[PDB]
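Architecture and fold: a report
The primary structure of each chain is shown beneath.
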Amino acid sequence: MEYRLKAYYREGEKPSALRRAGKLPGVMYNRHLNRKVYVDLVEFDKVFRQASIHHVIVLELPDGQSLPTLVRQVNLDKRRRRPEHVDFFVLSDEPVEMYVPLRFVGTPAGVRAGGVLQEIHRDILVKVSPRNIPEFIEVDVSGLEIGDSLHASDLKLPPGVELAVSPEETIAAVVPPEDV
Amino acid sequence: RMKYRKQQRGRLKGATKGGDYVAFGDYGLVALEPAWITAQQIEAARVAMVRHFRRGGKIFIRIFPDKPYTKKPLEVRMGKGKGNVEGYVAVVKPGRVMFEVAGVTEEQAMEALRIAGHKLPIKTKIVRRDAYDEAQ
Amino acid sequence: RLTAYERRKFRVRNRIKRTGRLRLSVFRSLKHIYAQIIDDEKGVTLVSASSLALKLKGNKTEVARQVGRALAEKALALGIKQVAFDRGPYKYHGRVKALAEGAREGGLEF
RNA sequence: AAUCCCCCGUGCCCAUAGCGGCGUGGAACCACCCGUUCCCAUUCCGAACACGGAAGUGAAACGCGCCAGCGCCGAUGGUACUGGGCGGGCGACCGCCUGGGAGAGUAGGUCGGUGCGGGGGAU
RNA sequence: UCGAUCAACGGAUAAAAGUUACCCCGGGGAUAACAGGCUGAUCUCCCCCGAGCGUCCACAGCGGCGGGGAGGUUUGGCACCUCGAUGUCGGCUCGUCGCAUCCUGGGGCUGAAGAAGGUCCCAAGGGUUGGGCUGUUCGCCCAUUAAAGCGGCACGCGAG
RNA sequence: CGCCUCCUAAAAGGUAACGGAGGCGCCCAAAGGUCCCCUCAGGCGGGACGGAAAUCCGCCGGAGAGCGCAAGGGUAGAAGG
RNA sequence: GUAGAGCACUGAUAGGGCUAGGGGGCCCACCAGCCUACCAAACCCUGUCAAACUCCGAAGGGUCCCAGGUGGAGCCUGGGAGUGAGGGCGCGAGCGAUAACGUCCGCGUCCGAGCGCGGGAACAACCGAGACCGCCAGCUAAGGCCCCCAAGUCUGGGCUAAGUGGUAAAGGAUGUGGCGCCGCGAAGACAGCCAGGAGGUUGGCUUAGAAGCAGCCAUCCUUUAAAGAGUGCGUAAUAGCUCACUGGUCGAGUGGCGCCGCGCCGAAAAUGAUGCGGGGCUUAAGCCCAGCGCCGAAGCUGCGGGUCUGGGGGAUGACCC
């Protein structure tokens, strides 16, 4: 869950001041209708942090107009961390650009195996899924060694289907400690 | 080190900021106040880590042996073509995304870094994955 | 692509640089054929050559020479008095040699 | 004569005038098409260019319209940069005030808009 | 309109090499050499991390790898004092300060029984021998000794 | 120790350094004129003497092959064949 | 078109997926097999750099015309010339060790050549400021006001207390104070307390001994103070010890990691000592933010004078603006 406090003024001087209080610039955006609303960090963050929040949208409260949104971009801060501008898109009904949180279990044959461990490359999926993506899209296997690897092909796609990604290209693979 | 089959003799000198950040495994060592760092020192860390980590499951990388540093002469008087190639290394300056894995699962990795860099050569910090990142 | 199209754009750009003010654009082939006059892309375009008023599709590169001489005088007065040249999708021996002589009288006026 | 419309040419705009996918037209265009003594032509063939004409067809070049997959376009915000004035630090260097303020990065955008001659398409 | 590395290329001549510790005249520390200065190369001393040796024990004794300062010595960098003048070595004689203290003590530590070593922090108090050979200070060697230190001051000393 | 090219000239231009790099002190009698034609390497697929690479067929391509000679500019809407 | 930037131009290069080249060899004459052992043109994805790479692209600077445009410069013609080597500071590239009161070039200021005053202790070039000459006149810069010495030992709100003031890094720490955060089961907390520290817990090897307190893992059960697959002093196993638990005891707040601003350790010298000196640490201090106030320049105003230059009345002067 999310919400915020808008910017009548915008661009530079303002976002800076924001920062000053403890507010970072925020872009509220919906298919070609745009408004600069501004970020109260602390909380902002707890929220973001959920991360489940960054992968699977949430609802925000502005003025009193409860609406659906996610981050489609973000300027997180050079010299350290935290940000420089947080970016969200509220959706109508056709969400195609989806980097849905992805989980898969490489049930043993990996590290309990030849020492080799499994490297997670994809871990998430930017496929398609209009106003319909889980907090957890997932897949599984039982091999993590030899010179073994698997990807977008093997994949195994659930309910709100649609691969906006590619004909396989490394969800994960296993490498040796000092070989196997 | 490795800056093999270069192409030229030498660089020059400056420094100020760049583009290192991400994550890449969740066992991260990020610089902060540096500049160039000996490809060697570098390997140092490499070692440090590698060894600590029960000595097997691979770490990853980060910067490179990048440039050719020259003290030219040996100690002469100065006016050589400034020639002489000699020490090769990294050029990372604004807290950089230095990325090292293994499967330590813990403040164990911590230590690994701890020393690796404590060593290495600067004011620096370390962590994990904190604000993902979306590409095309 | 760039190949034959260029056959074209080449006679093009060269023709173009050429500058004695006007150029007629002949056009090879049978009913296809027909030639229209132009100058600087001021925007304008003097007169139009030969509306398919067929005279002898026969062995007539002369169907040609005719439509030509025609256009020749057509413009000749069509647009009071002037001098220049033209395009051509080829050398002057057949269809095109023809539009040529046509023009040829166009200017010759005898 | 001088209305828009179908076009055959032939013009400014450099890739939303592209690739490619489905379609679709010859009545009239126009293309391939027929054949070659005759213009004139292939260091081989009229392959192309060319001459020489009914046809046959619209496969092929071909023009619009639908399709954005690749490609092309590529804002709002936003940071880096910095023109100028001042600070903070021995320090490499950091930071503050005042105008300018790309890039990439989700938007979302397009499958051209039109100069003129004209066969002509609709008394 | 021709001859021409006049190619140290704007090119004095056509036609030119040397050497001076035998030397001699002009000015500049706008150039070296002494030392000084600033830098620190650096070397010396110290300080981090620990791979790792110390049967066992990471760190009693030790440190891989890499890292970080102190100081003004050694081998160097520069050019401003100095070229109307600053005597460079070795030694002598009288030395004066300094501590990362050698002998001294006070110490915690030991892989400390004792004894004896060795391992750091504190503290300059006095003290810190003769010869040999070498112009050499350094050095190696003889004999001891509680011990027979490192070094600052143009590597103190020619108005001694 | 003369000249051309690239960097540093820091965005006009334009500047040292015992600063980086690297070429020329030829010729080409026809690479000198103009008219007419043509149009890359390389990728792929199929082929006599092949047989990583000729020669030919079949597609593909901001043109990165090319232009005596080095670089840089240009540039096949060819200066290129 | 450098900074930025980006990667498709070229060149780098790091973990990745596909791929062949050697493959290791010989069935070694039709000579075709697994392996992937293969270098990968590659491969796309994940990755960051380039002064002499760049698909993008500025921050200014360049300049043509119109307009500001007088200080006062602006222009052309002309005779009298001096330097033709200089250093410093700031920013931007060289170089040098990214060392030097080094040396190379550039934008600016500078200092000489005025740069004579303030000044920061005193210091050619670091902040202030242009001195034609007066004043026993007043307003100000910078930067100052306990005193030495002009100026509040002002007020207000803090934070250090080491003397930091009164040079130093790496790095170390139940420093000091501050967050913005964690444990409160008054089902009354933690260090302090009391007692029990429970029976199968009794090899698995080794059993000389594990029968938690010898090495190669065990991760279950009953059972209540709630339960130690026993964190620990240990030998011959074993036998004994503190809580890791109440359980009761107490209860009422406890042990933390990140981010903060102010200090200590680390940092040993050579004639003697030192923030300038006296000095001073809740004004006297110092660091940070708040506001007031007076000091102090030849700098600025007010009595006046000298002087040249445009113009103004030029009578010789002259006077005045």
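As documented in the archive entry, the model was determined using cryo-EM at 5.00 Å resolution.

Per the PDB entry, chain B goes by the name 50S ribosomal protein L16 and belongs to Thermus thermophilus HB8. The record for the entry shows the title "Complex of Thermous thermophilus ribosome (A-and P-site tRNA) bound to BipA-GDPCP". UniProt annotates chain B under Function with the comment "This protein binds directly to 23S rRNA. Interacts with the A site tRNA." UniProt lists a comment for chain B under the heading Subunit, and it reads "Part of the 50S ribosomal subunit."

In the nomenclature of the PDB entry, chain A corresponds to 50S ribosomal protein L25 from the organism Thermus thermophilus HB8. Under the UniProt heading Function, the note attached to chain A is "This is one of the proteins that binds to the 5S RNA in the ribosome where it forms part of the central protuberance." Its UniProt record, at the heading Sequence similarities, says of chain A: "Belongs to the bacterial ribosomal protein bL25 family. CTC subfamily."

**Concerning the overall build of chain B**
For chain B, the count of helices and strands is two helices and six strands. Counting from the amino terminus, helix and strand elements in chain B follow one another as β-β-α-β-β-β-α-β. By its C-alpha atoms, chain B is 55 × 35 × 30 Å across when sized along the principal axes. With the model as given, the accessible surface of chain B reaches about 8,700 Å², and the carbon-plus-sulfur share is 58%. Within chain B, one finds 28 positive and 14 negative side-chain charges whose respective centroids are separated by 10 Å.

**Overview of the interface of chain B and chain A**
The partner chain A presents 15 residues to the 18 residues of chain B that form the contact. Buried surface at the junction of chain B and chain A, summed over both partners, amounts to about 1,100 Å²; 56% is from carbon and sulfur atoms. Looking at the side of chain B facing chain A, the largest losses of area belong to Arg54(B), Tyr132(B) and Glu134(B), adding up to 37% of the total buried there. Our enumeration of links across chain B and chain A arrives at zero salt bridges. Connecting chain B to chain A are three residue pairs in polar contact. For the side of chain B that touches chain A, a count of residues per class yields six nonpolar, four polar and eight charged.

**Details of the environment of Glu106(B)**
If you trace the backbone, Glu106(B) turns up in the loop between β5 (97-99) and α2 (107-119). Separated by 79 residues in the primary sequence, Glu106(B) and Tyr27(B) have C-alpha atoms spaced 8.9 Å apart.

**Focus: the protein's contact with RNA strand F**
With respect to spatial proximity, the complete set of residues near RNA strand F consists of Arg9(B), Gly79(B), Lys80(B), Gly81(B), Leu2(C), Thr3(C), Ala4(C), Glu6(C), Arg7(C), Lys9(C), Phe10(C) and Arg13(C). Counted by atom, the contact set of RNA strand F within 4 Å of the protein is 83% sugar and phosphate. For RNA strand F, a sugar or linking oxygen lies 2.3 Å from a polar atom in the backbone of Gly79(B). Here a phosphate oxygen of RNA strand F and a side-chain polar atom of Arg7(C) are 2.5 Å apart. Tallied by class, the residues present in the surface near RNA strand F amount to three nonpolar, three polar and six charged.

**What to know about the side chain of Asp20(B)**
Residues and elements named next belong to chain B. The topology assignment puts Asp20 in the segment before β1 (28-30). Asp20 gets classed as buried once you look at its relative accessible area, which sits at 15%. One polar contact links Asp20 to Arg96, side chain to side chain, over a distance of 2.5 Å. Apart from the residues lying within four places of it in its own chain, the contact partners of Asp20 are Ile63, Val92, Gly95, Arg96, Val97 and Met98.

**Some points on the environment of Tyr3(A)**
Residues and elements named next belong to chain A. Turning to its location among the elements, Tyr3 is positioned in strand β1 (residues 2-3). Sequence spacing of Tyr3 and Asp40 is 37 residues, and the spatial spacing of their C-alpha atoms is 9.3 Å. Non-local contacts of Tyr3, meaning those with residues more than four positions away in its chain, are made with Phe44, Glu60 and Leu61.

**What to know about the packing of helix α2 (residues 61-78) of chain C against helix α3 (residues 95-108) of chain C**
Helix packing for two helices is described by the angle between their axes and how far apart those axes are. Residues and elements named next belong to chain C. Look at α2 against α3: their axes get within 6 Å of each other, and the N-to-C directions meet at 35 degrees. When you trace α2 past α3, the crossing you get is right-handed. Along the contact surface, α2 presents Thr61, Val63, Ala64, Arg65, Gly68, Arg69, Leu71, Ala72, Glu73 and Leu76, while α3 presents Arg95, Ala98, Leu99, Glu101, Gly102, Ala103, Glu105 and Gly106. Split by residue class, the contact of α2 with α3 holds eight nonpolar, four polar and six charged.

**Observations regarding the arrangement of the chains**
Separating chain A from chain C is a minimum C-alpha gap of 32 Å, and the two share no contact. Contact between chain B and chain C is absent, and the minimum C-alpha spacing across the pair is 33 Å.

**A look at helix α2 (residues 41-49) of chain A**
All names here are of chain A. By the burial criterion, the buried members of α2 are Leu41, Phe44, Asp45, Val47 and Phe48. For α2, the angular spread of buried residues about the axis comes to 160 degrees, placing them on one side. Along α2, exposed side chains directed more than 90 degrees from the buried face belong to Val42 and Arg49. On its buried face, α2 sits against β1, β3 (23-30), β4 (33-40), α3 (52-55) and β7 (83-90).

About the thresholds
- Residues numbered from 1 in each chain as written, not as in the entry; some residues may be left out.
- Chains lettered and ligands numbered in written order.
- Part of a larger assembly, values for the part shown.
- Heavy atoms only, no water.
- UniProt positions renumbered as here; feature names shortened; annotations may be inferred.
- Helix = DSSP H or I, 4+ residues; strand = E, 2+ residues; numbered from the N terminus.
- Areas by Shrake-Rupley, 256 points an atom, 1.4 Å probe, with all protein chains shown as cover.
- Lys, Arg positive; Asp, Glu negative; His and termini not counted.
- Charge placed at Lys NZ, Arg CZ, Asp CG, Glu CD.
- Contact = heavy atoms within 4.5 Å.
- Buried area = accessible area lost by both parts, 1.4 Å probe.
- Salt bridge = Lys/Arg side-chain N within 4 Å of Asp/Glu carboxyl O.
- Polar contact = N/O pair within 3.5 Å; in protein donor to acceptor, adjacent residues only side chain to side chain.
- Nonpolar A, V, L, I, M, F, W, Y, C, P; charged D, E, K, R; others polar.
- Near = heavy atom within 4 Å.
- Buried < 20%, exposed > 50% of the residue type's maximum accessible area, 1.4 Å probe, protein only.
- Axes fitted to C-alpha atoms, helices over the stretch in contact; angles between N-to-C directions.
- Left-handed = near helix turned anticlockwise from the far one by under 90°.
- Arc of directions from axis to C-beta.

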